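A.B. asks: Have a look at the structure that comes next, please.
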Amino acid sequence: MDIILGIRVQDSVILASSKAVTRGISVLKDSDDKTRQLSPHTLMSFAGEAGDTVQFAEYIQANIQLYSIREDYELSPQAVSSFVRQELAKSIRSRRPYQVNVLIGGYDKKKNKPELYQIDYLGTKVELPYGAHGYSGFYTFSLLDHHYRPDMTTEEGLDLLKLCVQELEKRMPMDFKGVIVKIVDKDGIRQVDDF
Amino acid sequence: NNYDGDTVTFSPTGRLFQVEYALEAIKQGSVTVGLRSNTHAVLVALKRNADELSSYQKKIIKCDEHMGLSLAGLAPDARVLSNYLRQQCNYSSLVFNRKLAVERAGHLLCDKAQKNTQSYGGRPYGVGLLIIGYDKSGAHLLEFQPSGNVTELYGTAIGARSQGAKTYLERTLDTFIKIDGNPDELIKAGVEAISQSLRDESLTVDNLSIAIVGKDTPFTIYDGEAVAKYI
Amino acid sequence: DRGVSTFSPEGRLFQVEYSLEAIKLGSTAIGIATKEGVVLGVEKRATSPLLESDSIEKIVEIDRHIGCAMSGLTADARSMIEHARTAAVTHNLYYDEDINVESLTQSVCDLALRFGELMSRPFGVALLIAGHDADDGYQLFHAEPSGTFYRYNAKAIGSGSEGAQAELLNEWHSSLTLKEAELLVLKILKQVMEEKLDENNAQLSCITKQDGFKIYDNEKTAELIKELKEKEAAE
Amino acid sequence: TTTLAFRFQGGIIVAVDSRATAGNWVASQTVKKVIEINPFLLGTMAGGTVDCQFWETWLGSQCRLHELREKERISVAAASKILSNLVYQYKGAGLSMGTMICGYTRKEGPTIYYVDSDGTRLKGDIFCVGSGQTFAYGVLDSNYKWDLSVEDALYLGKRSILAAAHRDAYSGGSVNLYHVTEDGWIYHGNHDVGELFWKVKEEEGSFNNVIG
Amino acid sequence: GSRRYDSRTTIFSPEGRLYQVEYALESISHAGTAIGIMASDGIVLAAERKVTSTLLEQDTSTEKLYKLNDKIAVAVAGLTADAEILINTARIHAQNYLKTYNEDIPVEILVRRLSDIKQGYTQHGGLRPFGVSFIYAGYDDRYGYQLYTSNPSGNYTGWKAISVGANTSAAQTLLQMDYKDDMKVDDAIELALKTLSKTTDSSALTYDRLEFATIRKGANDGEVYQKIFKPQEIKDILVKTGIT
Amino acid sequence: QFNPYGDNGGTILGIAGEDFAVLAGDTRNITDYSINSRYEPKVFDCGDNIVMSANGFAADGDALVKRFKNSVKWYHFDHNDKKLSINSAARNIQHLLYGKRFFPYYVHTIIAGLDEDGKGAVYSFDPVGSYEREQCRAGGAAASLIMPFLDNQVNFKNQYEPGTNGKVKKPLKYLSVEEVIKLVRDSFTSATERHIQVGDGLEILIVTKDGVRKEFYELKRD
Amino acid sequence: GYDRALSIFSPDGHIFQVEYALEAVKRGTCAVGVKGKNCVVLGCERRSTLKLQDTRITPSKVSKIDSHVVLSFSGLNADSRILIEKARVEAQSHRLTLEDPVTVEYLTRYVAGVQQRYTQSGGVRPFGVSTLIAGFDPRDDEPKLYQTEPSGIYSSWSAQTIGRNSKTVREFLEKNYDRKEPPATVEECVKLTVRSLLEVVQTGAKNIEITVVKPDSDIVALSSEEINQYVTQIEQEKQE
Amino acid sequence: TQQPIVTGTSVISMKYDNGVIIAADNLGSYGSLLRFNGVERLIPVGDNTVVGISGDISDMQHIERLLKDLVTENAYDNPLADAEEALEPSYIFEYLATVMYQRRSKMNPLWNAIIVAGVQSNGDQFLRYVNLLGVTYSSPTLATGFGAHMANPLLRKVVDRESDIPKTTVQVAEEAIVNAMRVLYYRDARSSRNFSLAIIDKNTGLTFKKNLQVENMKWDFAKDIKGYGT
Ligand SMILES: *[C@@](C)(CO)[C@](*)(O)[C@H](CC(C)C)NC(=O)[C@H](Cc1ccccc1)NC(=O)[C@H](CC(C)C)NC(=O)[C@H](CCc1ccccc1)NC(=O)CN1CCOCC1
Ligand SMILES: [Mg+2]
């Protein structure tokens with residue numbers, strides 16, 4: 001775990017997440033997918049304490065999937081993000097809290113708008129045009145402040161994202177073994193295989 | 001009649017019918033005998049089968065190296081009560097490094113059976129037990145009834161047609177009590193005692209069940225070819 | 001009404017005696033023990049021809065060395081099997097060994113009387129528990145809802161039990177081979193069954209020291225049915 | 001400890017050392033660090049001896065109960081997740097485990113899952129776990145190809161443990177080899193480092209740092 | 001012990017019916033009639049108060065119609081005390097959903113949960129069931145305007161128009177006769193009142209013996225408004241349709 | 001602050017032969033620099049031809065032995081007087097120890113007996129329940145002194161055949177009960193010389209098919 | 001807590017509460033399940049004494065337990081919701097721990113186990129519900145159709161019906177269904193299902209619901225017009 | 001978790017040919033303050049056992065109550081309470097040892113060191129030790145606190161092993177115990193001159209001696225000692 005990014009553009013949400021899994025002085029894996037599909041038009045990336053991350057992500061995934069079957073209906077990204085926030089807000093005052101930070105990218109089919117939510121382990125939610133967790137933000141936010149425009153296309157968003165990964169690969173201390181990029185739009189979720 | 005629905009109800013003459021119906025289950029059970037001298041204490045038990053293809057229901061259970069019992073009635077209830085005795089004997093050993101007195105064993109069984117006869121929902125135990133043992137005051141024989149009543153005796157018998165063996169032991173009292181330092185003769189007396197309760201059936205090799213405990217003898221059970229000596 | 005754990009004037013528990021009547025309504029199950037193995041066979045008894053008979057599971061594995069057949073309210077047996085499997089595996093975890101067939105049966109029978117006012121009523125199903133161990137060899141047990149179990153050389157339970165038991169009394173001897181026992185279960189099942197016996201409405205199984213507990217295929221049983229018919233016509 | 005397992009053309013190789021330590025005290029040279037869960041499943045052990053031993057033995061009981069209940073051998077994914085969910089319940093209590101669940105099934109094919117005591121669970125082709133994992137990685141990575149033969153793959157696994165056994169002070173004793181195929185696991189012997197080191201040095205011409 | 005006095009509320013009859021549920025429905029059939037009618041642009045709720053006294057305070061009274069949230073209301077038929085227990089539960093449940101998802105609760109979800117509570121009292125616990133039947137009238141952005149009913153069995157169903165309480169047989173026949181799908185709210189108001197006027201056990205239907213409420217999109221642009229009618233407003237609507 | 005653990009010293013040793021097995025242990029019991037008892041046995045016959053010793057903190061050692069002895073008793077009650085095999089005993093002890101994983105028994109446990117093929121068996125445990133069958137194991141205060149001597153003399157480690165250029169190893173063979181007792185006595189006299197917590201007396205328990213025999217020898221009392 | 005043993009044995013060896021729960025199932029609307037060569041079809045009756053209904057929002061008779069399994073029922077409607085909810089939760093719990101969706105047999109076994117538990121637990125009555133569970137196992141193309149009942153027994157069926165007048169439609173299926181050659185296509189399977197319901201229903205208007213399940217989570221419900229075409233076709237062939 | 005407040009110092013004991021002897025001073029210290037002087041730290045149980053207790057006095061008084069209650073409980077439904085089924089020293093010890101270990105295992109110990117001395121029914125001498133940790137051991141001589149460091153060496157000169165027990169009379173044994181008590185008064189800063197002594201013999205039974213004093217002390221050589229060097 002370490003690097004997770006998110007960019008909301010005109011018609012889609014793009015999530016980029018690092019591939020490395022490191023323990024001690026060894027990179028155990030360089031092809032790790034730090035994300036789970038919560039619903040056909042909602043994707044959640046995650047980063048934080050070992051074990052907690054996947055356990056939390058899959059627990060949320062199970063609950064949203066349960067809701068979908070029960071109501072035969074897909075929850076809005078806003079509704080999913082609120083559910084996730086409340087779970088983390090409960091967690092922080094538990095005996096052992098989930099130390100997990102997430103980004104939730106979704107496409108609201110009723111509004112026909114992409115939506116990106118950033119939620120930290122305390123349960124702090126914010127809707128944003130672009131977001132990041134951990135040390136990544138210290139480089140990417142200022143970069144996006146400059147280059148980001150609200151009316152960009154998905155292709156323009158991917159180039160903007162390439163610019164962020166290049167900067168991180170230049171100035172970050174650790175080798176995070178590149179990123180897996182996924183796009184969320186009106187047609188659902190798909191993965192970019194060549195990045 | 002109207003006062004036998006549960007154990008919590010007294011009859012107008014002051015009887016507990018559910019306790020009496022539990023007592024009836026013992027009378028249907030197969031006969032078992034208990035007797036003792038000053039040195040040893042013996043249990044003899046007639047085992048019962050379902051048919052010729054089945055095994056013979058085991059009647060005797062070991063509780064400790066120095067104590068055990070024979071059963072008559074509901075066998076599962078005997079398993080519950082014997083397991084409780086095993087724990088109590090074991091508590092006395094681990095905590096006090098002390099072999100549980102046979103008299104205390106009776107007091108504990110009495111009190112356990114009693115609680116089941118004064119509360120709603122529960123039921124009385126449906127089994128009678130003969131507890132033998134050798135402790136710091138010599139050999140002992142006890143008779144347990146699920147009413148709660150426990151009685152120390154020289155000899156006794158419970159089960160179907162138990163009156164025959166109980167009469168014999170009442171006649172033989174003066175003889176068998178002085179069989180000291182002789183296990184085989186005390187068993188012979190017990191085997192002859194249970195024989196007074198037999199009808200149409202005789203004691204065979206996989207039918208008879210004997211158990212003994214004494215001064216220099218741990219509680220041991222004899223079945224199969226090991227009881228052929230006493231037929 | 002009246003208490004669940006009430007004694008009758010004859011000294012029997014009403015609910016236990018009534019559960020025994022439910023078991024008499026159940027489909028027939030037979031078990032025979034030999035020195036070469038133990039055979040377990042059951043009547044499937046499909047209620048309708050549209051019902052896929054292979055989904056009727058009345059013979060069941062508890063461990064590699066212990067098998068089980070049932071008769072009566074078969075839904076009640078699920079938690080008994082679940083307990084038996086856990087008991088068997090748990091003992092292997094605690095002692096690094098197979099568990100004795102008798103000890104397994106005793107553990108199952110401890111559930112029996114755990115009812116009252118614990119569960120609300122006794123089990124309405126009887127079990128035949130077959131197995132092998134190093135100490136007492138090949139064994140067959142009959143476990144009732146009374147909490148009692150008997151070892152048997154041969155035993156039948158269910159609706160055609162008293163008729164089948166009388167037949168087993170004559171046919172069983174201490175030198176029976178496994179093949180002889182297989183045919184004998186089929187023979188006695190065909191006698192007491194309502195519908196005509198075939199591979200689809202009856203099922204065989206066995207437990208041997210070498211190969212463990214095995215449920216036979218419909219192809220294997222069909223040949224044993226054909227072998228049985230030929231031998232009866234041969235004299 | 002040093003343990004590894006890698007996936008290749010002909011299935012899965014699994015190799016482990018046999019040393020156990022209490023600080024600098026070498027407590028045992030003959031510890032079995034592979035647990036045989038069933039004819040198709042293996043588990044490796046690194047970290048606290050008892051934690052690994054106890055819970056992987058328990059894992060085998062849970063896998064047996066699965067195939068009794070479901071009438072089908074458990075998947076490697078499901079088996080690994082039983083163990084990972086268990087240790088996650090104890091997260092923070094102080095369990096110390098680095099395990100690898102290796103096996104073949106029809107639906108999955110040859111599969112290796114890394115599972116540790118802080119709840120991490122990872123599917124992968126190559127893993128090295130233990131105090132001498134880095135030494136094993138160095139040799140294994142530099143010589144690994146997917147197209148290795150069964151003979152060459154067995155040797156590389158053996159040679160990688162030997163490399164770590166030599167350099168890591170808390171690894172040694174002997175090498176235990178396993179090969180996992182479509183038909184199940186096959187044991188390929190216990191190899192004492194005492195004799196194996198000199199045999200490999202002479203025949204291979206490596207280990208020139210050591211006085212011959 | 002206490003077995004002697006147990007009624008055994010949660011058992012089956014030999015015919016496979018739940019005694020207590022059936023008897024609770026018999027209780028509800030004597031309660032004042034309540035009607036719900038769903039139109040294309042709104043929903044009407046009409047209910048008849050149980051034999052009124054002239055010294056009853058009419059304006060500051062609530063017996064039949066209760067507000068669950070801003071978008072959902074219910075008409076009651078049965079024991080009022082029982083209904084209020086369930087209403088407070090439903091009110092809390094709606095706020096839990098809003099707190100969790102930051103969205104107003106979908107009507108069916110609220111109805112299902114309330115009906116699941118009733119079901120529980122028929123299967124376990126040994127308590128008597130709630131002697132209440134509800135008509136749920138509400139709106140959400142998935143299905144729009146919706147009418148449901150639940151009863152002591154815990155079974156619920158959806159409706160275009162429906163009646164509960166007394167004379168439902170006669171009332172349902174009249175609604176089935178005059179109802180059509182392209183109906184407006186103002187027409188549905190008239191149907192609701194006309195139906196009560198014919199099915200009532202009273203001599204004549206008057207303002208003081210009624211409770212009335214609408215759920216329209218008659219607010220300003222794309223938002224729903226709940227109107228619980230005042231006494232004078234019922235008096236006027238009764239004159240406007242020519243009943244008095 | 002109250003410290004629930006203590007160190008009672010002493011050392012123990014188990015060796016297995018072809019048709020026998022020995023479990024030895026010194027009889028000294030100490031705290032800090034004081035002697036509590038010169039003869040306090042810590043090797044026990046537990047029944048079913050299983051001998052056991054749990055060395056370290058004596059209160060935990062006694063508790064464990066007491067619980068295992070009791071475990072054997074209930075094994076007989078629950079499984080028709082079946083003999084508890086040494087391998088089964090070992091697994092049972094692992095669960096006893098691990099049951100207190102988060103408040104451990106502070107002891108090194110060794111058991112000895114015969115396996116189901118009649119051959120000598122020795123199992124050893126860490127404080128939390130890890131176990132392993134071995135030909136040879138020393139445990140306790142002087143374990144680090146005795147164990148390497150056993151590697152050399154029992155398992156013939158670092159010993160090669162004379163004249164074979166260090167190519168052929170000294171072949172493994174079983175030792176006689178006489179030869180094993182010699183090694184035990186020498187191991188403890190050496191340990192007594194160089195370790196302050198070891199001395200006073202040596203008590204060996206030998207296990208054959210015929211039963212459990214005892215032998216006692218004096219050790220230096222300084 | 002309320003402890004009373006409600007389900008108990010009677011002198012003749014029957015559990016009357018379980019048997020009276022079967023009477024509740026017999027009262028319920030008819031439900032039918034027919035499995036073809038590459039599909040399963042679930043047909044359901046809807047009584048027509050209820051006009052002025054809103055079919056958009058009214059609870060449907062067939063419920064999805066997961067994307068690949070469906071459950072229909074006969075008996076008490078309120079009781080069915082409790083079983084469906086439990087089944088849905090267990091479906092997600094299975095995916096979470098086993099990393100694979102439930103088999104149809106497993107899901108059936110779970111639901112049947114719940115029903116059984118309510119037959120020997122204190123303070124509760126049995127479920128007045130029998131279910132038909134149908135679907136396709138993950139990565140499998142063999143159709144599955146199972147039945148459960150209040151007692152807790154479950155079994156697999158080539159074709160089966162439950163509810164009121166089920167003995168009439170079971171009679172129809174027993175002669176019209178060939179084991180050697182099941183309905184080869186979707187159309188054939190639906191037609192046989194509609195035919196069987198037309199023996200009992202009344203009118204083929206808004207009284208029949210049909211749900212088709214195909215492999216790889218392919219489930220769809222038919223509309224009125226689509227079903228009405230089958231009704232129109234069958235009646236014209238009948239007049240012969 | 002505790003800390004001891006009012007404390008009692010050494011308890012010393014040994015075996016002799018026909019029985020056992022045990023002793024302990026009558027002081028209840030409050031840190032360095034020698035607060036209470038009338039404290040009895042030897043508690044007889046029946047006519048065949050004496051329990052000597054050192055450490056925390058509040059916990060000692062609790063243990064007194066437990067032993068007192070044990071006697072009462074043993075007498076219940078027991079016709080042979082003063083004969084065959086009387087409380088043995090081994091029974092009383094095992095009970096205390098069980099309690100001590102259970103309390104340490106709950107991290108809330110009875111802050112004591114205990115010596116149970118007595119004679120069994122068959123005549124055998126009983127002498128065993130137990131403390132706050134639940135640690136138990138037996139020896140021909142036993143002592144707690146400073147007694148372990150100073151008394152045991154002196155008592156082991158009389159009875160060094162098992163074979164020395166038959167050769168040791170009650171006169172010789174008591175002399176050694178009384179001497180050890182004097183030495184402890186010289187050298188233990190939390191000891192007193194007044195003490196109690198108990199003898200349990202297989203023939204003469206239980207003899208409990210109160211209000212003994214340390215005497216025949218050597219102090220005269222002190223007058224010759226001047227300064228610390230020059
Ligand atoms: C390589 C070889 C080293 O890391 C491997 O990782 C192996 C794995 C194999 C054995 C499965 N690991 C060890 O050998 C492991 C290292 C270790 C030690 C302690 C904690 C974590 C990891 N060693 C052990 O687990 C030893 C095995 C014994 C020697 C058979 N056990 C101990 O150290 C035990 C128990 C440790 C412990 C863990 C958790 C809670 C409490 C204790 N401790 C002792 O035996 C104490 N010690 C022995 C020496 O005498 C003084 C007391
Ligand atoms: Mg090394």
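Each chain in the structure tokens gets a letter, A, B and so on, in the order shown; residues start at 1 in every chain, and ligands are counted from 1 in the order they appear.
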Enumerate, in order of chain and increasing residue number, the residues of chain F with an atom no farther than 8 Å from ligand 1, each with its shortest atom pair and distance in Å to one decimal, counting only C-alpha atoms and all ligand atoms, as CSV.

C.D. replies:
```
residue,atom,partner,partner_atom_place_in_ligand_line,distance
F:101,CA,ligand 1,40 (C),6.6
F:102,CA,ligand 1,40 (C),7.1
F:104,CA,ligand 1,41 (C),6.8
F:106,CA,ligand 1,52 (C),7.9
F:107,CA,ligand 1,52 (C),7.9
F:108,CA,ligand 1,45 (O),7.1
F:125,CA,ligand 1,30 (C),6.8
F:126,CA,ligand 1,45 (O),4.7
F:127,CA,ligand 1,45 (O),5.6
F:128,CA,ligand 1,35 (C),5.8
F:130,CA,ligand 1,30 (C),6.1
F:131,CA,ligand 1,30 (C),6.9
F:140,CA,ligand 1,50 (O),7.0
F:141,CA,ligand 1,50 (O),7.7
```

A.B. asks: List the spatial neighbours of residue B:67 as a PDB file with N, CA, C and O atoms, in the first residue's frame - criterion: any atom at most 10 Å away, only C-alpha atoms, same-chain residues fewer than 3 positions off excluded.

C.D. replies:
```
ATOM      1  N   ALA B  41     -15.766 -55.037  48.715  1.00  0.00           N
ATOM      2  CA  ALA B  41     -17.145 -54.713  48.346  1.00  0.00           C
ATOM      3  C   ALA B  41     -17.382 -55.121  46.896  1.00  0.00           C
ATOM      4  O   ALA B  41     -16.560 -54.830  46.028  1.00  0.00           O
ATOM      5  N   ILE B  61     -20.232 -48.910  36.073  1.00  0.00           N
ATOM      6  CA  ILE B  61     -19.396 -47.777  35.673  1.00  0.00           C
ATOM      7  C   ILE B  61     -18.389 -47.437  36.773  1.00  0.00           C
ATOM      8  O   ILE B  61     -18.743 -47.366  37.952  1.00  0.00           O
ATOM      9  N   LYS B  62     -17.140 -47.219  36.369  1.00  0.00           N
ATOM     10  CA  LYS B  62     -16.065 -46.830  37.282  1.00  0.00           C
ATOM     11  C   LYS B  62     -16.084 -45.318  37.505  1.00  0.00           C
ATOM     12  O   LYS B  62     -16.226 -44.549  36.552  1.00  0.00           O
ATOM     13  N   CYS B  63     -15.940 -44.903  38.763  1.00  0.00           N
ATOM     14  CA  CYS B  63     -15.917 -43.478  39.130  1.00  0.00           C
ATOM     15  C   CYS B  63     -14.521 -42.996  39.523  1.00  0.00           C
ATOM     16  O   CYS B  63     -14.143 -41.859  39.232  1.00  0.00           O
ATOM     17  N   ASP B  64     -13.776 -43.858  40.208  1.00  0.00           N
ATOM     18  CA  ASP B  64     -12.386 -43.590  40.563  1.00  0.00           C
ATOM     19  C   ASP B  64     -11.685 -44.932  40.787  1.00  0.00           C
ATOM     20  O   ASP B  64     -12.297 -45.987  40.618  1.00  0.00           O
ATOM     21  N   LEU B  85     -20.156 -37.698  39.613  1.00  0.00           N
ATOM     22  CA  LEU B  85     -19.349 -38.356  40.645  1.00  0.00           C
ATOM     23  C   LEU B  85     -17.868 -38.394  40.284  1.00  0.00           C
ATOM     24  O   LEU B  85     -17.011 -38.177  41.142  1.00  0.00           O
ATOM     25  N   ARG B  86     -17.573 -38.680  39.020  1.00  0.00           N
ATOM     26  CA  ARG B  86     -16.193 -38.686  38.533  1.00  0.00           C
ATOM     27  C   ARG B  86     -15.521 -37.331  38.753  1.00  0.00           C
ATOM     28  O   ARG B  86     -14.364 -37.272  39.163  1.00  0.00           O
ATOM     29  N   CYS B  89     -15.121 -36.732  42.758  1.00  0.00           N
ATOM     30  CA  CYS B  89     -13.971 -37.521  43.201  1.00  0.00           C
ATOM     31  C   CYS B  89     -12.673 -36.860  42.755  1.00  0.00           C
ATOM     32  O   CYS B  89     -11.692 -36.821  43.500  1.00  0.00           O
ATOM     33  N   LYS B  99      -8.818 -38.767  48.754  1.00  0.00           N
ATOM     34  CA  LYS B  99      -9.793 -39.668  48.145  1.00  0.00           C
ATOM     35  C   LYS B  99     -11.172 -39.391  48.733  1.00  0.00           C
ATOM     36  O   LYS B  99     -11.341 -39.390  49.953  1.00  0.00           O
ATOM     37  N   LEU B 100     -12.146 -39.147  47.861  1.00  0.00           N
ATOM     38  CA  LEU B 100     -13.496 -38.774  48.283  1.00  0.00           C
ATOM     39  C   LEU B 100     -14.149 -39.893  49.089  1.00  0.00           C
ATOM     40  O   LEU B 100     -14.194 -41.037  48.646  1.00  0.00           O
ATOM     41  N   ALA B 101     -14.651 -39.558  50.274  1.00  0.00           N
ATOM     42  CA  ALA B 101     -15.357 -40.530  51.105  1.00  0.00           C
ATOM     43  C   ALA B 101     -16.631 -41.000  50.403  1.00  0.00           C
ATOM     44  O   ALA B 101     -17.335 -40.201  49.778  1.00  0.00           O
ATOM     45  N   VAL B 102     -16.918 -42.297  50.508  1.00  0.00           N
ATOM     46  CA  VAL B 102     -18.102 -42.895  49.875  1.00  0.00           C
ATOM     47  C   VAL B 102     -19.386 -42.286  50.448  1.00  0.00           C
ATOM     48  O   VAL B 102     -20.381 -42.132  49.739  1.00  0.00           O
ATOM     49  N   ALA B 105     -19.913 -38.999  48.782  1.00  0.00           N
ATOM     50  CA  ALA B 105     -20.384 -39.302  47.429  1.00  0.00           C
ATOM     51  C   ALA B 105     -21.908 -39.439  47.391  1.00  0.00           C
ATOM     52  O   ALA B 105     -22.563 -38.931  46.480  1.00  0.00           O
ATOM     53  N   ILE B 131     -23.716 -47.822  44.769  1.00  0.00           N
ATOM     54  CA  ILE B 131     -22.330 -47.351  44.818  1.00  0.00           C
ATOM     55  C   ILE B 131     -21.525 -48.163  45.829  1.00  0.00           C
ATOM     56  O   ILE B 131     -21.882 -48.215  47.007  1.00  0.00           O
ATOM     57  N   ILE B 132     -20.446 -48.788  45.360  1.00  0.00           N
ATOM     58  CA  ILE B 132     -19.486 -49.459  46.243  1.00  0.00           C
ATOM     59  C   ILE B 132     -18.171 -48.687  46.274  1.00  0.00           C
ATOM     60  O   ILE B 132     -17.869 -47.919  45.358  1.00  0.00           O
ATOM     61  N   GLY B 133     -17.394 -48.894  47.331  1.00  0.00           N
ATOM     62  CA  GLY B 133     -16.104 -48.228  47.466  1.00  0.00           C
ATOM     63  C   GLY B 133     -15.328 -48.627  48.706  1.00  0.00           C
ATOM     64  O   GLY B 133     -15.897 -49.149  49.666  1.00  0.00           O
ATOM     65  N   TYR B 134     -14.018 -48.387  48.670  1.00  0.00           N
ATOM     66  CA  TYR B 134     -13.143 -48.602  49.820  1.00  0.00           C
ATOM     67  C   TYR B 134     -12.377 -47.313  50.111  1.00  0.00           C
ATOM     68  O   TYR B 134     -11.609 -46.840  49.275  1.00  0.00           O
ATOM     69  N   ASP B 135     -12.600 -46.753  51.298  1.00  0.00           N
ATOM     70  CA  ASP B 135     -11.981 -45.489  51.700  1.00  0.00           C
ATOM     71  C   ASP B 135     -11.268 -45.647  53.053  1.00  0.00           C
ATOM     72  O   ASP B 135     -10.944 -46.768  53.454  1.00  0.00           O
ATOM     73  N   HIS B 140     -17.578 -49.983  51.759  1.00  0.00           N
ATOM     74  CA  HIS B 140     -18.897 -49.351  51.819  1.00  0.00           C
ATOM     75  C   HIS B 140     -19.794 -49.782  50.666  1.00  0.00           C
ATOM     76  O   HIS B 140     -19.317 -50.063  49.566  1.00  0.00           O
ATOM     77  N   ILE B 212     -15.472 -55.472  41.610  1.00  0.00           N
ATOM     78  CA  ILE B 212     -14.952 -55.596  42.975  1.00  0.00           C
ATOM     79  C   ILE B 212     -14.002 -54.448  43.328  1.00  0.00           C
ATOM     80  O   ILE B 212     -13.294 -53.928  42.465  1.00  0.00           O
ATOM     81  N   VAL B 213     -14.010 -54.061  44.602  1.00  0.00           N
ATOM     82  CA  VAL B 213     -13.054 -53.096  45.150  1.00  0.00           C
ATOM     83  C   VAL B 213     -12.768 -53.463  46.608  1.00  0.00           C
ATOM     84  O   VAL B 213     -13.654 -53.955  47.311  1.00  0.00           O
ATOM     85  N   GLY B 214     -11.536 -53.233  47.060  1.00  0.00           N
ATOM     86  CA  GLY B 214     -11.148 -53.608  48.421  1.00  0.00           C
ATOM     87  C   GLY B 214      -9.826 -53.044  48.915  1.00  0.00           C
ATOM     88  O   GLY B 214      -9.311 -52.066  48.373  1.00  0.00           O
ATOM     89  N   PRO B 218      -7.878 -52.330  43.403  1.00  0.00           N
ATOM     90  CA  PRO B 218      -8.562 -51.207  42.761  1.00  0.00           C
ATOM     91  C   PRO B 218      -9.896 -51.622  42.144  1.00  0.00           C
ATOM     92  O   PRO B 218     -10.101 -52.803  41.855  1.00  0.00           O
ATOM     93  N   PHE B 219     -10.787 -50.652  41.946  1.00  0.00           N
ATOM     94  CA  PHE B 219     -12.086 -50.911  41.324  1.00  0.00           C
ATOM     95  C   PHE B 219     -11.880 -51.441  39.907  1.00  0.00           C
ATOM     96  O   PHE B 219     -11.405 -50.719  39.029  1.00  0.00           O
ATOM     97  N   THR B 220     -12.227 -52.709  39.703  1.00  0.00           N
ATOM     98  CA  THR B 220     -12.093 -53.362  38.400  1.00  0.00           C
ATOM     99  C   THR B 220     -13.378 -54.103  38.029  1.00  0.00           C
ATOM    100  O   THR B 220     -14.115 -54.562  38.904  1.00  0.00           O
TER     101      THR B 220
END
```

A.B. asks: Neighbours of stretch 143-155 of chain A within 9 Å (only C-alpha atoms; same-chain residues fewer than 5 positions away dropped), as a list in words?

C.D. replies: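 In the requested form, the answer reads residues 8, 9, 10, 11, 12, 13, 14, 129, 130, 160, 163, 164, 167 and 183 of chain A.
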
A.B. asks: Taking only stretch 10-185 of chain E into account, list the residues labelled alpha helix (DSSP H) by DSSP (computed from the backbone), as number ranges by chain.

C.D. replies: E: 19-28, 80-101, 107-123, 168-178, 185

A.B. asks: Atom CA of residue C:62 to atom CA of residue C:192: how many Å, to one decimal?

C.D. replies: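 Going from atom CA of residue C:62 over to atom CA of residue C:192 covers 27.4 Å.
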